[PDB]
Amino acid sequence: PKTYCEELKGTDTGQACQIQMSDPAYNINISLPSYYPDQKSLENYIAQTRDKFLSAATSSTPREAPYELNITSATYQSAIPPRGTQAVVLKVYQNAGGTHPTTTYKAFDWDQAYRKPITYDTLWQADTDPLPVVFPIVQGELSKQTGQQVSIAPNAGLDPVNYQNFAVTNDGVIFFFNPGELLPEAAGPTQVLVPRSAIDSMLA
């Protein structure tokens, strides 16, 4: 019931897998729920994520004192005749030394039926169009709320800021970016949901 994190210097907290280690000028605390297929994706990514953030503070960032990475993901799953798909969105925000403001939440899509994640080869399709697909309920409930559906701004609400990252479920693929008011630069990244039957075949 583990992945990288286990050997990644892992610490146990229960329904989490944690890697907390800090160097003489920075810090890393990162968590993975028991089973995230190829978390190797984030945690390979952290090698990538945090190095990039510390990567800048290796020169001149308001580093509180040294540097740190807080990161942790949640998985989701698609529903297709045989199983479906899996995507896990990490809470990873880090700052150089406390003070360099740096935040992002990252999720990824992996194939559920074949135990296989997808890459930019066929993960990005540049057949890329709007992502209001989560938005329907938000207004749809609104439609409950005022008996009608309104206008919600995408960085004002395209997608649940309750999410935070590329979270593709059987209902869609919610993609996140960090803007100003769908969870500002302080709350993390915004997100826009892409068509489930539409964008997957529209992957790559």
# chains A, B, ... in the order shown; residues from 1 in each chain; ligands from 1
>>> closest_atom_pairs(of="segment 38-155 of chain A", to="segment 193-200 of chain A", cutoff="9 Å", atoms="only C-alpha atoms", output="CSV")
residue,atom,partner,partner_atom,distance
A:123,CA,A:200,CA,8.5
A:125,CA,A:199,CA,8.0
A:127,CA,A:199,CA,8.0
A:128,CA,A:199,CA,7.7
A:129,CA,A:194,CA,7.9
A:130,CA,A:194,CA,7.0
A:131,CA,A:193,CA,4.2
A:132,CA,A:193,CA,5.6
A:133,CA,A:193,CA,5.0
A:134,CA,A:193,CA,5.3
A:135,CA,A:193,CA,7.6
>>> write_last_selection(atoms="C-alpha atoms", output="PDB file, in the first residue's frame")
ATOM      1  CA  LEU A 123      -1.515  14.020 -22.256  1.00  0.00           C
ATOM      2  CA  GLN A 125      -3.792  17.630 -26.885  1.00  0.00           C
ATOM      3  CA  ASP A 127      -7.075  20.367 -29.482  1.00  0.00           C
ATOM      4  CA  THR A 128      -7.470  22.345 -26.238  1.00  0.00           C
ATOM      5  CA  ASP A 129     -10.671  24.324 -25.708  1.00  0.00           C
ATOM      6  CA  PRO A 130     -12.613  25.857 -22.726  1.00  0.00           C
ATOM      7  CA  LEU A 131     -13.139  23.815 -19.536  1.00  0.00           C
ATOM      8  CA  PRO A 132     -16.594  24.979 -18.102  1.00  0.00           C
ATOM      9  CA  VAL A 133     -17.536  21.288 -17.574  1.00  0.00           C
ATOM     10  CA  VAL A 134     -17.497  21.433 -13.732  1.00  0.00           C
ATOM     11  CA  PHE A 135     -19.087  24.829 -13.865  1.00  0.00           C
TER      12      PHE A 135
END
>>> select_by_dssp(residues="segment 81-168 of chain A", states="helix (DSSP H, G or I)", output="PDB file with N, CA, C and O atoms, in the first residue's frame")
ATOM      1  N   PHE A 135     -18.294  23.626 -13.981  1.00  0.00           N
ATOM      2  CA  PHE A 135     -19.087  24.829 -13.865  1.00  0.00           C
ATOM      3  C   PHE A 135     -20.594  24.574 -13.914  1.00  0.00           C
ATOM      4  O   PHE A 135     -21.349  25.276 -13.242  1.00  0.00           O
ATOM      5  N   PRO A 136     -21.085  23.634 -14.745  1.00  0.00           N
ATOM      6  CA  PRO A 136     -22.517  23.422 -14.879  1.00  0.00           C
ATOM      7  C   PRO A 136     -23.236  23.218 -13.556  1.00  0.00           C
ATOM      8  O   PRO A 136     -24.253  23.852 -13.317  1.00  0.00           O
ATOM      9  N   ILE A 137     -22.721  22.338 -12.690  1.00  0.00           N
ATOM     10  CA  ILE A 137     -23.367  22.106 -11.405  1.00  0.00           C
ATOM     11  C   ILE A 137     -23.321  23.379 -10.586  1.00  0.00           C
ATOM     12  O   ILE A 137     -24.296  23.757  -9.950  1.00  0.00           O
ATOM     13  N   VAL A 138     -22.141  23.977 -10.529  1.00  0.00           N
ATOM     14  CA  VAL A 138     -21.951  25.150  -9.689  1.00  0.00           C
ATOM     15  C   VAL A 138     -23.100  26.136  -9.897  1.00  0.00           C
ATOM     16  O   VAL A 138     -23.827  26.475  -8.963  1.00  0.00           O
ATOM     17  N   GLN A 139     -23.372  26.401 -11.175  1.00  0.00           N
ATOM     18  CA  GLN A 139     -24.589  27.142 -11.565  1.00  0.00           C
ATOM     19  C   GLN A 139     -25.760  26.165 -11.403  1.00  0.00           C
ATOM     20  O   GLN A 139     -26.794  26.538 -10.863  1.00  0.00           O
ATOM     21  N   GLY A 140     -25.626  24.960 -11.900  1.00  0.00           N
ATOM     22  CA  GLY A 140     -26.746  24.019 -11.799  1.00  0.00           C
ATOM     23  C   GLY A 140     -27.344  24.033 -10.372  1.00  0.00           C
ATOM     24  O   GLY A 140     -28.557  24.237 -10.207  1.00  0.00           O
ATOM     25  N   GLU A 141     -26.502  23.939  -9.339  1.00  0.00           N
ATOM     26  CA  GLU A 141     -26.980  24.060  -7.954  1.00  0.00           C
ATOM     27  C   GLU A 141     -27.542  25.481  -7.798  1.00  0.00           C
ATOM     28  O   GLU A 141     -28.544  25.713  -7.125  1.00  0.00           O
ATOM     29  N   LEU A 142     -26.836  26.407  -8.465  1.00  0.00           N
ATOM     30  CA  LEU A 142     -27.280  27.805  -8.407  1.00  0.00           C
ATOM     31  C   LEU A 142     -28.753  27.701  -8.830  1.00  0.00           C
ATOM     32  O   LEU A 142     -29.645  28.200  -8.148  1.00  0.00           O
ATOM     33  N   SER A 143     -28.988  27.032  -9.962  1.00  0.00           N
ATOM     34  CA  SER A 143     -30.330  26.812 -10.516  1.00  0.00           C
ATOM     35  C   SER A 143     -31.293  26.257  -9.462  1.00  0.00           C
ATOM     36  O   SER A 143     -32.478  26.554  -9.447  1.00  0.00           O
ATOM     37  N   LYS A 144     -30.692  25.583  -8.495  1.00  0.00           N
ATOM     38  CA  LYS A 144     -31.454  25.161  -7.323  1.00  0.00           C
ATOM     39  C   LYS A 144     -31.640  26.438  -6.472  1.00  0.00           C
ATOM     40  O   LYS A 144     -32.723  26.754  -5.980  1.00  0.00           O
ATOM     41  N   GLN A 145     -30.479  27.041  -6.220  1.00  0.00           N
ATOM     42  CA  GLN A 145     -30.349  28.180  -5.300  1.00  0.00           C
ATOM     43  C   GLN A 145     -31.306  29.360  -5.591  1.00  0.00           C
ATOM     44  O   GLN A 145     -32.027  29.812  -4.702  1.00  0.00           O
TER      45      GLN A 145
END
>>> residues_around(residues="residue 63 of chain A", least_positions_apart="2", cutoff="6 Å", atoms="only C-alpha atoms", output="list in words")
residues 61, 65, 66, 96, 97, 98, 99 and 100 of chain A
>>> closest_atom_pairs(of="segment 29-86 of chain A", to="segment 164-172 of chain A", cutoff="10 Å", atoms="only C-alpha atoms", output="Markdown table")
| residue | atom | partner | partner_atom | distance |
| --- | --- | --- | --- | --- |
| A:73 | CA | A:165 | CA | 9.3 |
| A:74 | CA | A:167 | CA | 9.2 |
| A:75 | CA | A:167 | CA | 8.2 |
| A:76 | CA | A:169 | CA | 6.0 |
| A:77 | CA | A:169 | CA | 5.2 |
| A:78 | CA | A:170 | CA | 3.8 |
| A:79 | CA | A:170 | CA | 5.0 |
| A:80 | CA | A:170 | CA | 7.5 |
| A:84 | CA | A:170 | CA | 7.3 |
| A:85 | CA | A:169 | CA | 7.2 |
| A:86 | CA | A:169 | CA | 7.4 |
>>> residues_around(residues="residue 94 of chain A", least_positions_apart="5", cutoff="8 Å", atoms="only C-alpha atoms", output="list in words")
residues 50, 53, 67, 68, 69, 70, 71, 101, 102, 103 and 104 of chain A
>>> residues_around(residues="residue 40 of chain A", least_positions_apart="2", cutoff="12 Å", atoms="only C-alpha atoms", output="list in words")
residues 2, 3, 4, 5, 6, 7, 8, 32, 35, 36, 37, 38, 42, 43, 44, 45, 46, 47, 48, 88, 108, 110, 116 and 117 of chain A
>>> write_last_selection(atoms="C-alpha atoms", output="PDB file, in the first residue's frame")
ATOM      1  CA  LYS A   2       2.720   2.498  -0.956  1.00  0.00           C
ATOM      2  CA  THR A   3       4.835   4.015  -3.694  1.00  0.00           C
ATOM      3  CA  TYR A   4       7.921   6.236  -3.879  1.00  0.00           C
ATOM      4  CA  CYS A   5       7.237   7.932  -0.538  1.00  0.00           C
ATOM      5  CA  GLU A   6       7.849   4.670   1.291  1.00  0.00           C
ATOM      6  CA  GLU A   7      11.544   4.686   0.352  1.00  0.00           C
ATOM      7  CA  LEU A   8      11.399   8.445  -0.276  1.00  0.00           C
ATOM      8  CA  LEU A  32       1.244  10.578  -0.666  1.00  0.00           C
ATOM      9  CA  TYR A  35      -1.996   4.240  -3.343  1.00  0.00           C
ATOM     10  CA  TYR A  36      -1.151   6.635  -6.024  1.00  0.00           C
ATOM     11  CA  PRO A  37      -0.076   4.647  -9.070  1.00  0.00           C
ATOM     12  CA  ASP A  38       2.865   6.505 -10.405  1.00  0.00           C
ATOM     13  CA  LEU A  42       4.722  14.165  -8.359  1.00  0.00           C
ATOM     14  CA  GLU A  43       7.561  12.972  -6.352  1.00  0.00           C
ATOM     15  CA  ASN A  44       9.692  12.548  -9.365  1.00  0.00           C
ATOM     16  CA  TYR A  45       8.075  15.954  -9.977  1.00  0.00           C
ATOM     17  CA  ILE A  46       9.048  17.226  -6.527  1.00  0.00           C
ATOM     18  CA  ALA A  47      12.705  16.443  -7.363  1.00  0.00           C
ATOM     19  CA  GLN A  48      11.465  18.772 -10.055  1.00  0.00           C
ATOM     20  CA  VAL A  88      -4.423  12.634  -7.938  1.00  0.00           C
ATOM     21  CA  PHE A 108      -2.331  14.026 -12.910  1.00  0.00           C
ATOM     22  CA  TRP A 110      -3.230   7.914 -15.224  1.00  0.00           C
ATOM     23  CA  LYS A 116      -0.394   3.293 -16.856  1.00  0.00           C
ATOM     24  CA  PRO A 117      -0.033   7.135 -16.488  1.00  0.00           C
TER      25      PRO A 117
END
>>> decode(residues="segment 117-190 of chain A", atoms="C-alpha atoms", output="PDB file, in the first residue's frame")
ATOM      1  CA  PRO A 117      -0.033   7.135 -16.488  1.00  0.00           C
ATOM      2  CA  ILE A 118      -0.099   9.432 -19.555  1.00  0.00           C
ATOM      3  CA  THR A 119       2.650  11.940 -20.551  1.00  0.00           C
ATOM      4  CA  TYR A 120       2.804  15.233 -22.545  1.00  0.00           C
ATOM      5  CA  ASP A 121       3.173  12.988 -25.563  1.00  0.00           C
ATOM      6  CA  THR A 122      -0.520  12.186 -25.373  1.00  0.00           C
ATOM      7  CA  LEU A 123      -1.515  14.020 -22.256  1.00  0.00           C
ATOM      8  CA  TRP A 124      -1.680  17.471 -23.838  1.00  0.00           C
ATOM      9  CA  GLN A 125      -3.792  17.630 -26.885  1.00  0.00           C
ATOM     10  CA  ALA A 126      -3.525  21.176 -28.376  1.00  0.00           C
ATOM     11  CA  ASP A 127      -7.075  20.367 -29.482  1.00  0.00           C
ATOM     12  CA  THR A 128      -7.470  22.345 -26.238  1.00  0.00           C
ATOM     13  CA  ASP A 129     -10.671  24.324 -25.708  1.00  0.00           C
ATOM     14  CA  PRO A 130     -12.613  25.857 -22.726  1.00  0.00           C
ATOM     15  CA  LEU A 131     -13.139  23.815 -19.536  1.00  0.00           C
ATOM     16  CA  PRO A 132     -16.594  24.979 -18.102  1.00  0.00           C
ATOM     17  CA  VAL A 133     -17.536  21.288 -17.574  1.00  0.00           C
ATOM     18  CA  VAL A 134     -17.497  21.433 -13.732  1.00  0.00           C
ATOM     19  CA  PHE A 135     -19.087  24.829 -13.865  1.00  0.00           C
ATOM     20  CA  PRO A 136     -22.517  23.422 -14.879  1.00  0.00           C
ATOM     21  CA  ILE A 137     -23.367  22.106 -11.405  1.00  0.00           C
ATOM     22  CA  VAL A 138     -21.951  25.150  -9.689  1.00  0.00           C
ATOM     23  CA  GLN A 139     -24.589  27.142 -11.565  1.00  0.00           C
ATOM     24  CA  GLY A 140     -26.746  24.019 -11.799  1.00  0.00           C
ATOM     25  CA  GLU A 141     -26.980  24.060  -7.954  1.00  0.00           C
ATOM     26  CA  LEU A 142     -27.280  27.805  -8.407  1.00  0.00           C
ATOM     27  CA  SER A 143     -30.330  26.812 -10.516  1.00  0.00           C
ATOM     28  CA  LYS A 144     -31.454  25.161  -7.323  1.00  0.00           C
ATOM     29  CA  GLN A 145     -30.349  28.180  -5.300  1.00  0.00           C
ATOM     30  CA  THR A 146     -32.232  30.885  -7.330  1.00  0.00           C
ATOM     31  CA  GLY A 147     -34.228  28.337  -9.351  1.00  0.00           C
ATOM     32  CA  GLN A 148     -31.824  29.528 -12.074  1.00  0.00           C
ATOM     33  CA  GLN A 149     -28.245  29.452 -13.318  1.00  0.00           C
ATOM     34  CA  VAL A 150     -26.266  32.670 -13.537  1.00  0.00           C
ATOM     35  CA  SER A 151     -22.820  33.958 -14.556  1.00  0.00           C
ATOM     36  CA  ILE A 152     -19.871  32.759 -12.624  1.00  0.00           C
ATOM     37  CA  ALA A 153     -16.402  33.954 -13.702  1.00  0.00           C
ATOM     38  CA  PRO A 154     -13.846  31.171 -14.441  1.00  0.00           C
ATOM     39  CA  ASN A 155     -11.128  32.677 -12.219  1.00  0.00           C
ATOM     40  CA  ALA A 156     -14.179  33.691 -10.198  1.00  0.00           C
ATOM     41  CA  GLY A 157     -15.393  30.038 -10.267  1.00  0.00           C
ATOM     42  CA  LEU A 158     -14.931  27.942 -13.463  1.00  0.00           C
ATOM     43  CA  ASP A 159     -14.118  25.099 -11.177  1.00  0.00           C
ATOM     44  CA  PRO A 160     -14.131  24.197  -7.577  1.00  0.00           C
ATOM     45  CA  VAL A 161     -11.384  25.910  -5.791  1.00  0.00           C
ATOM     46  CA  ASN A 162     -12.476  23.204  -3.483  1.00  0.00           C
ATOM     47  CA  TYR A 163     -10.274  21.005  -5.816  1.00  0.00           C
ATOM     48  CA  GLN A 164      -6.943  22.743  -6.764  1.00  0.00           C
ATOM     49  CA  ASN A 165      -5.540  20.431  -9.513  1.00  0.00           C
ATOM     50  CA  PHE A 166      -5.862  18.514 -12.828  1.00  0.00           C
ATOM     51  CA  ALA A 167      -8.455  16.203 -11.331  1.00  0.00           C
ATOM     52  CA  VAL A 168     -10.023  14.073 -14.050  1.00  0.00           C
ATOM     53  CA  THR A 169     -12.971  12.045 -12.837  1.00  0.00           C
ATOM     54  CA  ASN A 170     -15.610  10.114 -14.753  1.00  0.00           C
ATOM     55  CA  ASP A 171     -17.376  13.483 -15.114  1.00  0.00           C
ATOM     56  CA  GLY A 172     -14.425  15.353 -16.616  1.00  0.00           C
ATOM     57  CA  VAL A 173     -10.847  16.562 -16.237  1.00  0.00           C
ATOM     58  CA  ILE A 174     -10.487  19.588 -14.084  1.00  0.00           C
ATOM     59  CA  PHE A 175      -7.313  21.486 -14.915  1.00  0.00           C
ATOM     60  CA  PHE A 176      -5.797  24.066 -12.608  1.00  0.00           C
ATOM     61  CA  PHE A 177      -3.765  27.245 -13.059  1.00  0.00           C
ATOM     62  CA  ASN A 178      -2.963  29.861 -10.339  1.00  0.00           C
ATOM     63  CA  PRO A 179      -4.586  33.351 -11.168  1.00  0.00           C
ATOM     64  CA  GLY A 180      -6.397  35.780  -8.707  1.00  0.00           C
ATOM     65  CA  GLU A 181      -9.864  34.871  -7.337  1.00  0.00           C
ATOM     66  CA  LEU A 182     -10.780  31.253  -7.861  1.00  0.00           C
ATOM     67  CA  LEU A 183      -8.347  30.767  -5.023  1.00  0.00           C
ATOM     68  CA  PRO A 184      -5.837  33.645  -5.570  1.00  0.00           C
ATOM     69  CA  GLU A 185      -2.037  33.462  -5.520  1.00  0.00           C
ATOM     70  CA  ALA A 186      -2.553  33.084  -1.788  1.00  0.00           C
ATOM     71  CA  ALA A 187      -5.045  30.230  -2.018  1.00  0.00           C
ATOM     72  CA  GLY A 188      -3.182  28.406  -4.785  1.00  0.00           C
ATOM     73  CA  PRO A 189      -4.318  27.645  -8.396  1.00  0.00           C
ATOM     74  CA  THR A 190      -7.637  28.143 -10.287  1.00  0.00           C
TER      75      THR A 190
END
